[PDB]
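Novice: Before we start, here is the structure in question, set down as structure tokens.
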Amino acid sequence: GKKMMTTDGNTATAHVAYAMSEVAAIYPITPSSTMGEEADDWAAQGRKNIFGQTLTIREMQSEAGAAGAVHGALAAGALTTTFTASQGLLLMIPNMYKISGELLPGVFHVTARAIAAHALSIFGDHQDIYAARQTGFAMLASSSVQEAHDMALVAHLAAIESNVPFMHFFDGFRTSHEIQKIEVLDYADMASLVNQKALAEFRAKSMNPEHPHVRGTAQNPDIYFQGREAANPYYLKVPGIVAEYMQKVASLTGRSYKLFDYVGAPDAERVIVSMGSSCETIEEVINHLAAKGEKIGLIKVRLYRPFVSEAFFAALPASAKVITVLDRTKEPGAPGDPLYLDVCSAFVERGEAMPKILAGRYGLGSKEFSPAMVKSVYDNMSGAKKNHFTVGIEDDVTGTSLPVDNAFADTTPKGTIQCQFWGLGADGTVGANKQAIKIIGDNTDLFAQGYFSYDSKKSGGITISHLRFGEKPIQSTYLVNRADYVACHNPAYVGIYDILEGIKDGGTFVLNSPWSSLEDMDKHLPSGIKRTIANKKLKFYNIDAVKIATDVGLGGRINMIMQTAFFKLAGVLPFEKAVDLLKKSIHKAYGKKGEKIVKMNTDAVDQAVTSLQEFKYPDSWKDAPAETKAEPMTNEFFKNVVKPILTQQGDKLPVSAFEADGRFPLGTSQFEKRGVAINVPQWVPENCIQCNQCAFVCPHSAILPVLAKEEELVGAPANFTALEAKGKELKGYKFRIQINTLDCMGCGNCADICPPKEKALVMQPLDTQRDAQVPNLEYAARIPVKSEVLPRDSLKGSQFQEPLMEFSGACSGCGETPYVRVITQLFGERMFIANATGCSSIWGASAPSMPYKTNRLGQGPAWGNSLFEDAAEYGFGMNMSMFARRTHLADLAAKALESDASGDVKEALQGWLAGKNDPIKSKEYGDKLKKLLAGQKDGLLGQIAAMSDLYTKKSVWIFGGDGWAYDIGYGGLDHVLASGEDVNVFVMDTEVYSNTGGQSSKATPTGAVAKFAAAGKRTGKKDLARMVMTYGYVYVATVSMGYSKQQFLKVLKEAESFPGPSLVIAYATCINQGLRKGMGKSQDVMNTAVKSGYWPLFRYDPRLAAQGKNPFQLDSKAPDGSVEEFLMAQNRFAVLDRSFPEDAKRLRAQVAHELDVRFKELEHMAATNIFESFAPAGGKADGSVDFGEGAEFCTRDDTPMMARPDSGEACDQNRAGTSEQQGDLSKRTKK
Amino acid sequence: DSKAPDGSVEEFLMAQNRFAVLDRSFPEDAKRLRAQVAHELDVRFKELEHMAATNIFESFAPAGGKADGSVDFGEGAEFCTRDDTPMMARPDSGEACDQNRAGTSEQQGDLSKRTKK
Amino acid sequence: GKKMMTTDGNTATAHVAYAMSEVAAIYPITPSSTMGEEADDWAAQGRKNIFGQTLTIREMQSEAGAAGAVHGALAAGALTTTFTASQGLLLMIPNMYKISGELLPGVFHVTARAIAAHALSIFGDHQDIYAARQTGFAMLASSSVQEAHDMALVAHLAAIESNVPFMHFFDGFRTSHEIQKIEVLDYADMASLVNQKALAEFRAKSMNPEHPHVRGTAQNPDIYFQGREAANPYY
Amino acid sequence: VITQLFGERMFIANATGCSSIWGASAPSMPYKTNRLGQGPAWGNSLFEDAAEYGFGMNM
Amino acid sequence: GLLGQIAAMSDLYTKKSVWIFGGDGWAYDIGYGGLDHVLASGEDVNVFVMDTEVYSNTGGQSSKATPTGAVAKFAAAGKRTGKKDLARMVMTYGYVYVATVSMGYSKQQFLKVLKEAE
Amino acid sequence: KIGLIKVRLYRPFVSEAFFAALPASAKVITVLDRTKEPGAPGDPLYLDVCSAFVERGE
Ligand SMILES: Cc1ncc(C[n+]2csc(CCOP(=O)(O)OP(=O)(O)O)c2C)c(N)n1
Ligand SMILES: Cc1ncc(C[n+]2csc(CCOP(=O)(O)OP(=O)(O)O)c2C)c(N)n1
Ligand code: SF4
Ligand code: SF4
Ligand code: SF4
Ligand SMILES: [Ca+2]
Ligand SMILES: [Mg+2]
Ligand SMILES: [Mg+2]
């Protein structure tokens, strides 16, 4: 049986993957997490595979552990699979050779994603899949959603019968997240294609002590080579098995395929050879140009490996005179990319006709591949014939890109309605778009396509959706730039984004805004927009969805109003059936609360259909006066690079506009001033007590405390109200808390924690503050920061320091940024950061916004993100460099001390040398030296001068999340902390893989609800703190800002100052945890976290042990009993109590017990007078000694492994018994 | 399952070349590192001894609960549980929710009582 | 000064490696283990490199760990190196993309060894090196003990001036463990062939809060592609 | 001895290293079967995945 | 029928015993991240670590399992960091069976552990 | 009449440097690869060589 189904690549292949698999070991990673999360859910729900069994899915610590688990399963006789991508696929490589080597029917479903080189990317291309092309895996590619399903089935069937592992792959995001109405097969149909004899043999040859065998042997040069060729027969037959099933799945669905498929003109002279979702668009362009008489074609490659040349030439037209192979990868240095090379070897080996063959690279990192680009490619063949060209960018540095005429006529099928939606994150737009897909598709005989472009901004971001509808198949695997319907669901975008680009003439444009009058419309709508609305005779429909949404009592949410706009003006369904079929869905969804809520969404539909009246704009718009420019201060980087990017114009940014090594300058987020908050805090100098707690808490540094004297507040606004500093050091100074209304995300934390009964901070509408604050901020921002007035590491004094990390892309009230910010206020000027992959690297390094900044001297955190699994290692590397280099300096300094260096130079040189590793001193004598050696450029001194950036002691930090620390990168973390070296790791524990969807980590508590914890995690929270404390010499400590900022500053001090390994774990609230009262209660929740005893604070300081003192110190008090109310306040716990109350009660009970036992444990750990000692280092002294020297019996074996240059000496190999035994045998044979 | 150190540490270590070579080439360091190891095994034992005599110990449970039927961590959530990022993007995601840019619940509720009109 | 002496391919390259490097993260793996052991020993011994400093070597928990450290040391303006092969090399693939992506002058010295598939093998062949031909590393092959020394030096000298990471490799056992009577170069000589400006610039562009910059961003479809092409001149 | 107790019904995920070298250096196989043909199902995946390899056997 | 299928699964009837072998190099270092995770899975697997306190097979290199003052490659002057307490680290879970043995000291203790752990 | 072309630099693969060592007399050339990529249309060094001739266009 069949079944029309509208879904995306991920769900489409996952549907087939689940049915054909008994075991699955996965690890989350964008954009394959979906599939992995599908399986788990479906299994939990009770889904059955073709064996009537629910899939057994487990989560590992990494894709390496995954691939390893799969191997074991496959070896143990179970049909296994896994879903991965990019960085994840790279860590599976080693196992892949093993899995292929041991001929196992394994199958990988990977969403082709870019590899992180100059920069990380979560978008699609073939860099990863190509990196595994020599693992011995079969590679079957799909070019569409429908194909995703189809090729996914063939993959499994072929694998089972070929005993050769398959890698089914499809374009990440471009196919995986694209939704289309496709056909899927029943689990029964699939199960009936399986080769039973093969399945029986697979299980019979598998590992089992009832009939064991040995795999994974170690072979010498005598047999390795032969054993490696022993599988040739298998690889020769796989192409046949693959074709076989393409024909069998064909007899059931009606969709045929070949290892290589040809499309286009029978006598095409110019053929393209591509692979992936790109082929869909090519064919679209082919149908258009070929119908016009053009002789061009295309060869779709399905099976990339093995690469059967026969099948290639099968789909290749003899009329082909020129054929360009397109690779969606980039192998620096190669003479050509993958596919290109394979194709070349094809013709050369055919040793006959030789058609001009061109090479072309495209789509890197989901780069758009428009029909125009497909046009540019076919023209290059009938023209310049440029080779090794790029398409989609402007290569003005090496000039390899192709000229693209964007004025290319639309090639979408006839009768297709392409739509565009510009919504704000969380307004319902997308969810409403997806509903419009299910409805229309499941009630009409139209094809539906959906794709969405989100924003790097986790809060208040733009979301331009793309939807298409037609009577003919949709092959438009690229954005919509010729829409018939354009809708802006946010009036803010009006004057900041090119909302109407390429909008077809006569096209309708419905806008969301309270400008129902022409006066307002003209006052807020730009001339460029007005001019366009008129010149194109657009059918502009305004609508006050907010007002209309308030009259019906929908809270004011415009999601159900703009949805009604679509069905009425998009023109896909007849007005009647269109609006009618909608009301039917209103009942489908919702209905969560009687007909009351259902009535509010029905009334909205009608009153809206009424409000939806064309805005009769005047013909005077055709020539409206364009305003004048007035952009504030900015760099030539925020102006020439970041803004063009922030304004969705980055694609037009040529190659020459970037750093070859892919680096960015700091403080670029200093001009973003997004201003997407709804409500902001209002300082009230009548209640304020000048404590600096509001600033200390802000997750975006949107609060700037000002401490200046009337000497600096001369040319200031009359409303720059300022109190008079409180305290001793603060007497004549004037205090003030300047709210940064534009950079504020309106989370509410500051006001929520402001001490005084009568809050000195009150939340008010942004617009009712900006006009008076923005100008005061630009002023207060010019007031010198008083850093030498109070103790740098003091609560009230730390906020008088410069925050070198502001306005990041983190969510409102993030539980992470608050910490890092204050961390820069203590060491920022002299620290390195090795940020592990994840949120910490997302809200801090997502181009083009860079929150980290430099202070008044240009000093700031030297930031860097290597990978997700090597944060510690990475940072450990930075530590080795500094050591190696600083030690170098010190040795030259010593040299100069013996030379004829001046008296002054020798003093500072002598001094620095004494405090080389002392922040204060190293900086005191370091600066003196700079002054003294200034201008020097010869001899030792000349070299010592050129190293001023090594003088003051640097501070190396490792930023990561629980996922990194507890899982993927725990191994490196553990190892580095053992190194016993001066490094500082800061773990922001959100108890869950955040930015990837909220997957369960070993840091996730008991009974918590996360991905792969679908019913509350049934394993206790891994105790990372106690595990590392066992080292004895590693400084460990836990913190929780909301509970005690004072203890947090102390920790940072004691940790960073410790002359060795430091591990600090911070309890960070996150939106994945789902706080009932919002992230504005984050600080108050961190507080409860400690009091309840859920997250007890403590510190293990080894140097205390070095002085007879117990290295363990408890910073919190025994549980208070508010634990239950603490867990039930977070949805990640409340959900179970609603769906599975029985397990919920038990799980929350087990947790309380868990924290009750562990605390008593910590207490006794703080009471005991028995602890591990501590010793820095000392000793070394040049000289090495091998463990073999002076040994009586051999210390090494005969093996080629222990063999060394100096080895080979005669020794007692222990084959004559013991020394005594030998001695006695000698006495027992006297003679 | 074993008893407290018997002091044979020195002879034990010196009887093995991996330690004896260090003593022959680095007499000074050797003695310190050997005297250090001895201190480690002595401390770790008393340490291990408390474990054997503690009145507090982590509970245990085979396995249970789970069963059929799953649930998402965002269902019922008052505020958004997923960001605008393409990463947290899922098939079912996309619904409207409070993105925490309006302030805390009580803050919002009181912000209305102070406007009414 | 030219100097005759007998040795295996391993020490021959280690000889150069040590001199030309300042930092090194290493994990043991046959048949390249000999080089890392020599660099470590000579370090303890107190041997000075071209900069007249002892090599700073550390051992990680794995090659994926060594690569991570090797990446950080290079991003921190320090001449780094490592020795690996087969399975070890494969665990370095991820970082190799980063190291070359950030145009760091790293230098890998690998003893070409077979990959574990139908069976394991500590013996030599080009299965490992090839598995990383797309990582963006320049690849220099030496065909004999004498060449192991020469290419080893060229590799370091080129990497420093081109900013492209080099991977010096030679057949495991067949060369790494084949001893011959060859000619090596004093460290002084090797030092005089270094490009001081290139080296000075490597110190400059590197990480340091005194003059910070951000590396390892996350880029969308709008610019990621162009950024990947920005290094075409260097290659 | 471990095989003298569970040998006839155990799977073995052996991490590369001596135990894998003396465990399965071709053509010498130390692990054998008992009078009934039962014996340890030995397999060496890679050096860094011994636990996940065995875990998968468990799955 | 069912019996037909059942019958073909005789090799599954008897409860199997999944074991995992490996030296200290594996358990303490390169494979630790994996061992730690698999152990925390709570499933029925047995891990037997033959602690040699050094990377024997490859030439006796140092590992986190190497003792203080122990002379090994990469520890040319005796290791200057203590032996990693893998045991106490895993014992924090509370739901994992952990034990140390030494045949020379007691064969009875060793057998007792295999019996209990398995 | 035989010869051999030793490849010192495999990456980047400079087609020019390659031909600089290719004797015009060459009528038959066999490329040797010390590896095996199952299913591949050929092994690495080989593939790179073919690309060089197809692009030399002679
Ligand atoms: C080898 C590899 N596997 C997977 C990923 C994808 N990934 C990036 S961040 C992340 C989760 C973040 O987890 P965590 O460390 O807990 O930090 P948080 O986001 O919660 O701060 C995942 C699964 C990757 N980048 N590389
Ligand atoms: C990725 C990878 N890195 C390094 C090696 C090489 N190697 C194999 S065994 C070994 C020694 C560690 O052995 P161990 O587990 O300590 O056991 P032992 O031989 O000492 O009993 C090393 C360095 C490998 N096979 N794969
Ligand atoms: S938290 Fe309140 S009392 Fe404290 S400095 Fe801020 S506004 Fe003033
Ligand atoms: S509401 Fe939140 S983001 Fe805004 S100033 Fe207060 S703490 Fe900062
Ligand atoms: S940690 Fe959570 S709250 Fe912070 S940026 Fe990530 S998803 Fe948002
Ligand atoms: Ca420290
Ligand atoms: Mg997390
Ligand atoms: Mg060992």
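All residue names refer to the structure tokens as shown: chains lettered A, B, ... in order, residues numbered from 1 in each chain, ligands numbered from 1 in order.
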Please check which protein, DNA or RNA residues sit within 6 Å of ligand 1, counting only C-alpha atoms and all ligand atoms, and write them as number ranges by chain.
Specialist: A: 28-29, 87-88, 837-840, 868, 960-964, 990, 992-996
Novice: Keeping only N, CA and C atoms, write the selected residues as an mmCIF file, in the first residue's frame.
Specialist:
```
data_model
loop_
_atom_site.group_PDB
_atom_site.id
_atom_site.type_symbol
_atom_site.label_atom_id
_atom_site.label_comp_id
_atom_site.auth_asym_id
_atom_site.auth_seq_id
_atom_site.Cartn_x
_atom_site.Cartn_y
_atom_site.Cartn_z
ATOM 1 N N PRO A 28 23.296 13.230 18.728
ATOM 2 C CA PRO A 28 22.761 14.440 18.100
ATOM 3 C C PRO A 28 23.754 15.344 17.380
ATOM 4 N N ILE A 29 23.312 15.888 16.251
ATOM 5 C CA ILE A 29 24.093 16.827 15.450
ATOM 6 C C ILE A 29 23.216 17.363 14.327
ATOM 7 N N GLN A 87 30.864 16.905 11.083
ATOM 8 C CA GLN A 87 31.817 16.547 12.131
ATOM 9 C C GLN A 87 31.542 15.166 12.715
ATOM 10 N N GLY A 88 30.267 14.790 12.756
ATOM 11 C CA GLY A 88 29.890 13.496 13.291
ATOM 12 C C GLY A 88 30.310 12.348 12.394
ATOM 13 N N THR A 837 32.373 23.624 21.250
ATOM 14 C CA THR A 837 31.221 23.859 20.394
ATOM 15 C C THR A 837 29.926 23.803 21.201
ATOM 16 N N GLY A 838 28.933 24.565 20.757
ATOM 17 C CA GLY A 838 27.662 24.612 21.451
ATOM 18 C C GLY A 838 27.200 26.048 21.590
ATOM 19 N N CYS A 839 26.213 26.275 22.449
ATOM 20 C CA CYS A 839 25.694 27.618 22.650
ATOM 21 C C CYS A 839 26.791 28.622 22.963
ATOM 22 N N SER A 840 27.658 28.281 23.911
ATOM 23 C CA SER A 840 28.743 29.176 24.285
ATOM 24 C C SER A 840 29.535 29.653 23.065
ATOM 25 N N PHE A 868 34.101 20.528 18.817
ATOM 26 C CA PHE A 868 33.212 20.254 19.927
ATOM 27 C C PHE A 868 33.854 19.254 20.885
ATOM 28 N N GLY A 960 32.835 25.591 27.954
ATOM 29 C CA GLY A 960 32.068 24.496 27.394
ATOM 30 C C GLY A 960 30.765 24.276 28.136
ATOM 31 N N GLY A 961 29.963 23.339 27.645
ATOM 32 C CA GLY A 961 28.699 23.034 28.285
ATOM 33 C C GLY A 961 28.758 21.634 28.857
ATOM 34 N N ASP A 962 27.691 21.211 29.529
ATOM 35 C CA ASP A 962 27.644 19.872 30.116
ATOM 36 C C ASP A 962 27.834 18.789 29.051
ATOM 37 N N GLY A 963 27.202 18.980 27.896
ATOM 38 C CA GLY A 963 27.325 18.019 26.819
ATOM 39 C C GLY A 963 28.781 17.766 26.482
ATOM 40 N N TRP A 964 29.542 18.842 26.317
ATOM 41 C CA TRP A 964 30.959 18.737 25.996
ATOM 42 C C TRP A 964 31.744 18.098 27.132
ATOM 43 N N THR A 990 23.840 23.387 31.740
ATOM 44 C CA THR A 990 22.428 23.609 31.451
ATOM 45 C C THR A 990 21.745 22.249 31.519
ATOM 46 N N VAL A 992 21.821 19.715 29.759
ATOM 47 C CA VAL A 992 21.227 19.253 28.509
ATOM 48 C C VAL A 992 21.887 19.881 27.279
ATOM 49 N N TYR A 993 21.953 19.117 26.190
ATOM 50 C CA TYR A 993 22.526 19.614 24.941
ATOM 51 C C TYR A 993 21.556 20.692 24.476
ATOM 52 N N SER A 994 21.879 21.948 24.750
ATOM 53 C CA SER A 994 20.990 23.045 24.394
ATOM 54 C C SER A 994 20.778 23.365 22.915
ATOM 55 N N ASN A 995 21.663 24.177 22.340
ATOM 56 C CA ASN A 995 21.535 24.624 20.951
ATOM 57 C C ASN A 995 21.215 23.592 19.877
ATOM 58 N N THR A 996 21.278 22.307 20.212
ATOM 59 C CA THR A 996 20.978 21.274 19.227
ATOM 60 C C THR A 996 19.583 20.684 19.377
#
```
Novice: For residue 364 (chain A), list every protein, DNA or RNA residue within 7 Å, evaluated using only C-alpha atoms, and leave out those in the same chain fewer than 2 positions away; present the list as a ChimeraX atom specification.
Specialist: /A:125,328-329,362,366-367 /C:225
Novice: Keeping only C-alpha atoms, write the selected residues to a file as a PDB file, in the first residue's frame.
Specialist:
```
ATOM      1  CA  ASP A 125      27.366  20.373   0.974  1.00  0.00           C
ATOM      2  CA  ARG A 328      29.672  20.296  -4.159  1.00  0.00           C
ATOM      3  CA  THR A 329      32.922  20.173  -2.205  1.00  0.00           C
ATOM      4  CA  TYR A 362      29.002  24.965  -6.037  1.00  0.00           C
ATOM      5  CA  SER A 366      23.968  25.489   1.469  1.00  0.00           C
ATOM      6  CA  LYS A 367      24.988  28.255  -0.901  1.00  0.00           C
TER       7      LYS A 367
ATOM      8  CA  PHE C 225      31.409  29.591   0.617  1.00  0.00           C
TER       9      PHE C 225
END
```
Novice: If you measure from CA of residue 196 (chain A) to CA of residue 250 (chain A), what distance in Å do you get, rounded to one decimal?
Specialist: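 If I compute the distance from CA of residue 196 (chain A) to CA of residue 250 (chain A), I get 19.6 Å.
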Novice: Residues contacting ligand 6 - anything with an atom at most 9 Å away, using only C-alpha atoms and all ligand atoms - can you give me those as JSON, numbers by chain?
Specialist: {"A": [955, 956, 957, 981, 982, 983, 984, 985, 1035, 1054, 1055, 1056, 1057, 1058, 1059, 1060, 1061, 1062, 1063]}
Novice: Could you turn the residues from that selection into a file that holds N, CA and C atoms, as a PDB file, in the first residue's frame?
Specialist:
```
ATOM      1  N   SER A 955      46.070  34.188  30.886  1.00  0.00           N
ATOM      2  CA  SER A 955      45.118  33.337  31.592  1.00  0.00           C
ATOM      3  C   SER A 955      44.367  32.464  30.583  1.00  0.00           C
ATOM      4  N   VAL A 956      44.664  31.168  30.576  1.00  0.00           N
ATOM      5  CA  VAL A 956      44.030  30.246  29.638  1.00  0.00           C
ATOM      6  C   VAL A 956      42.754  29.609  30.183  1.00  0.00           C
ATOM      7  N   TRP A 957      41.642  29.847  29.487  1.00  0.00           N
ATOM      8  CA  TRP A 957      40.351  29.297  29.883  1.00  0.00           C
ATOM      9  C   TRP A 957      39.731  28.359  28.842  1.00  0.00           C
ATOM     10  N   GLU A 981      48.499  21.042  34.909  1.00  0.00           N
ATOM     11  CA  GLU A 981      48.968  22.330  34.419  1.00  0.00           C
ATOM     12  C   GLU A 981      47.983  23.480  34.598  1.00  0.00           C
ATOM     13  N   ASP A 982      48.529  24.692  34.606  1.00  0.00           N
ATOM     14  CA  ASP A 982      47.772  25.920  34.810  1.00  0.00           C
ATOM     15  C   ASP A 982      46.769  26.309  33.723  1.00  0.00           C
ATOM     16  N   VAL A 983      45.595  25.690  33.768  1.00  0.00           N
ATOM     17  CA  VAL A 983      44.524  25.972  32.821  1.00  0.00           C
ATOM     18  C   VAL A 983      43.216  26.057  33.604  1.00  0.00           C
ATOM     19  N   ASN A 984      42.243  26.805  33.086  1.00  0.00           N
ATOM     20  CA  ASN A 984      40.961  26.968  33.777  1.00  0.00           C
ATOM     21  C   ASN A 984      39.747  26.599  32.921  1.00  0.00           C
ATOM     22  N   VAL A 985      39.019  25.555  33.306  1.00  0.00           N
ATOM     23  CA  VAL A 985      37.844  25.164  32.536  1.00  0.00           C
ATOM     24  C   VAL A 985      36.568  25.624  33.241  1.00  0.00           C
ATOM     25  N   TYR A1035      41.948  21.686  41.236  1.00  0.00           N
ATOM     26  CA  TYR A1035      41.058  22.596  41.947  1.00  0.00           C
ATOM     27  C   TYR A1035      39.647  22.452  41.376  1.00  0.00           C
ATOM     28  N   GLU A1054      40.105  32.021  43.418  1.00  0.00           N
ATOM     29  CA  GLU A1054      40.812  30.833  43.885  1.00  0.00           C
ATOM     30  C   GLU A1054      41.126  29.843  42.768  1.00  0.00           C
ATOM     31  N   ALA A1055      40.225  29.731  41.801  1.00  0.00           N
ATOM     32  CA  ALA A1055      40.434  28.817  40.691  1.00  0.00           C
ATOM     33  C   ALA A1055      41.525  29.342  39.768  1.00  0.00           C
ATOM     34  N   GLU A1056      41.301  30.521  39.202  1.00  0.00           N
ATOM     35  CA  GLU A1056      42.261  31.121  38.284  1.00  0.00           C
ATOM     36  C   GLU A1056      43.644  31.315  38.907  1.00  0.00           C
ATOM     37  N   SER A1057      43.688  31.720  40.172  1.00  0.00           N
ATOM     38  CA  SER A1057      44.967  31.938  40.843  1.00  0.00           C
ATOM     39  C   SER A1057      45.713  30.634  41.124  1.00  0.00           C
ATOM     40  N   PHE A1058      44.974  29.533  41.257  1.00  0.00           N
ATOM     41  CA  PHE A1058      45.592  28.237  41.526  1.00  0.00           C
ATOM     42  C   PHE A1058      46.639  27.953  40.456  1.00  0.00           C
ATOM     43  N   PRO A1059      47.853  27.572  40.872  1.00  0.00           N
ATOM     44  CA  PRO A1059      48.929  27.281  39.924  1.00  0.00           C
ATOM     45  C   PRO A1059      48.801  25.902  39.284  1.00  0.00           C
ATOM     46  N   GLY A1060      47.594  25.558  38.854  1.00  0.00           N
ATOM     47  CA  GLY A1060      47.383  24.262  38.242  1.00  0.00           C
ATOM     48  C   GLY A1060      45.992  24.133  37.658  1.00  0.00           C
ATOM     49  N   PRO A1061      45.533  22.901  37.387  1.00  0.00           N
ATOM     50  CA  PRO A1061      44.213  22.622  36.819  1.00  0.00           C
ATOM     51  C   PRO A1061      43.052  23.130  37.662  1.00  0.00           C
ATOM     52  N   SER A1062      42.111  23.802  37.002  1.00  0.00           N
ATOM     53  CA  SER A1062      40.931  24.356  37.656  1.00  0.00           C
ATOM     54  C   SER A1062      39.660  23.964  36.915  1.00  0.00           C
ATOM     55  N   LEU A1063      38.673  23.488  37.667  1.00  0.00           N
ATOM     56  CA  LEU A1063      37.399  23.086  37.096  1.00  0.00           C
ATOM     57  C   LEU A1063      36.283  23.754  37.894  1.00  0.00           C
TER      58      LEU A1063
END
```
Novice: Enumerate residues in contact with ligand 8: an atom-to-atom distance of at most 6 Å, counting only C-alpha atoms and all ligand atoms. Format the result as a PDB file with C-alpha atoms, in the first residue's frame.
Specialist:
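What landed in selection-v8.pdb:
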```pdb
ATOM      1  CA  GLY E  23      44.708  -2.600  29.071  1.00  0.00           C
ATOM      2  CA  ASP E  24      45.061   0.466  31.279  1.00  0.00           C
ATOM      3  CA  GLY E  25      45.974   2.512  28.225  1.00  0.00           C
ATOM      4  CA  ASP E  51      46.204  -2.809  34.362  1.00  0.00           C
ATOM      5  CA  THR E  52      49.870  -2.849  33.337  1.00  0.00           C
ATOM      6  CA  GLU E  53      50.214   0.777  34.385  1.00  0.00           C
ATOM      7  CA  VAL E  54      51.843   1.364  30.999  1.00  0.00           C
ATOM      8  CA  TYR E  55      51.278   1.047  27.245  1.00  0.00           C
ATOM      9  CA  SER E  56      53.050  -2.303  27.049  1.00  0.00           C
TER      10      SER E  56
END
```
Novice: What is the CA of residue 88 (chain C) to CA of residue 107 (chain C) distance in Å?
Specialist: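 Calculated distance between CA of residue 88 (chain C) and CA of residue 107 (chain C) is 15.1 Å.
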Novice: List as a Markdown table every residue of chain A that is in contact with ligand 5, defined as an atom at most 7 Å from one of its atoms (using only C-alpha atoms and all ligand atoms), together with the nearest atom pair and the distance in Å rounded to one decimal, sorted by chain and then rising number.
Specialist:
```
| residue | atom | partner | partner_atom_place_in_ligand_line | distance |
| --- | --- | --- | --- | --- |
| A:458 | CA | ligand 5 | 8 (Fe) | 6.4 |
| A:810 | CA | ligand 5 | 5 (S) | 3.8 |
| A:811 | CA | ligand 5 | 8 (Fe) | 4.2 |
| A:812 | CA | ligand 5 | 3 (S) | 6.8 |
| A:813 | CA | ligand 5 | 3 (S) | 6.6 |
| A:814 | CA | ligand 5 | 3 (S) | 3.9 |
| A:815 | CA | ligand 5 | 4 (Fe) | 5.8 |
| A:816 | CA | ligand 5 | 4 (Fe) | 5.7 |
| A:839 | CA | ligand 5 | 6 (Fe) | 4.7 |
| A:843 | CA | ligand 5 | 5 (S) | 6.2 |
| A:990 | CA | ligand 5 | 1 (S) | 6.4 |
| A:994 | CA | ligand 5 | 7 (S) | 5.0 |
| A:995 | CA | ligand 5 | 7 (S) | 5.1 |
| A:1069 | CA | ligand 5 | 3 (S) | 6.8 |
| A:1070 | CA | ligand 5 | 2 (Fe) | 3.9 |
| A:1071 | CA | ligand 5 | 3 (S) | 4.9 |
| A:1072 | CA | ligand 5 | 2 (Fe) | 6.2 |
```
Novice: Using only C-alpha atoms, select each residue of chain C with any atom at most 9 Å away from an atom of chain E, and give the selection as an MDAnalysis selection string.
Specialist: chainID C and resid 28:31 33 36:37 40:41 44 57:65
Novice: Which residue out of A:762, A:151, A:467, A:243 has the minimum interatomic distance to ligand 3 when only C-alpha atoms and all ligand atoms are used?
Specialist: A:762
Novice: What are the closest atom pairs, with distances in Å to one decimal, for each residue of chain E lying within 6 Å of chain D, using only C-alpha atoms, rows by chain and rising residue number, as JSON lines?
Specialist:
```
{"residue": "E:16", "atom": "CA", "partner": "D:9", "partner_atom": "CA", "distance": 5.1}
{"residue": "E:17", "atom": "CA", "partner": "D:10", "partner_atom": "CA", "distance": 4.2}
{"residue": "E:18", "atom": "CA", "partner": "D:11", "partner_atom": "CA", "distance": 4.7}
{"residue": "E:19", "atom": "CA", "partner": "D:12", "partner_atom": "CA", "distance": 4.9}
{"residue": "E:20", "atom": "CA", "partner": "D:13", "partner_atom": "CA", "distance": 4.5}
{"residue": "E:21", "atom": "CA", "partner": "D:14", "partner_atom": "CA", "distance": 4.5}
{"residue": "E:22", "atom": "CA", "partner": "D:15", "partner_atom": "CA", "distance": 4.8}
{"residue": "E:30", "atom": "CA", "partner": "D:48", "partner_atom": "CA", "distance": 5.5}
{"residue": "E:31", "atom": "CA", "partner": "D:48", "partner_atom": "CA", "distance": 4.4}
{"residue": "E:34", "atom": "CA", "partner": "D:51", "partner_atom": "CA", "distance": 6.0}
{"residue": "E:35", "atom": "CA", "partner": "D:51", "partner_atom": "CA", "distance": 5.1}
{"residue": "E:57", "atom": "CA", "partner": "D:18", "partner_atom": "CA", "distance": 5.0}
```
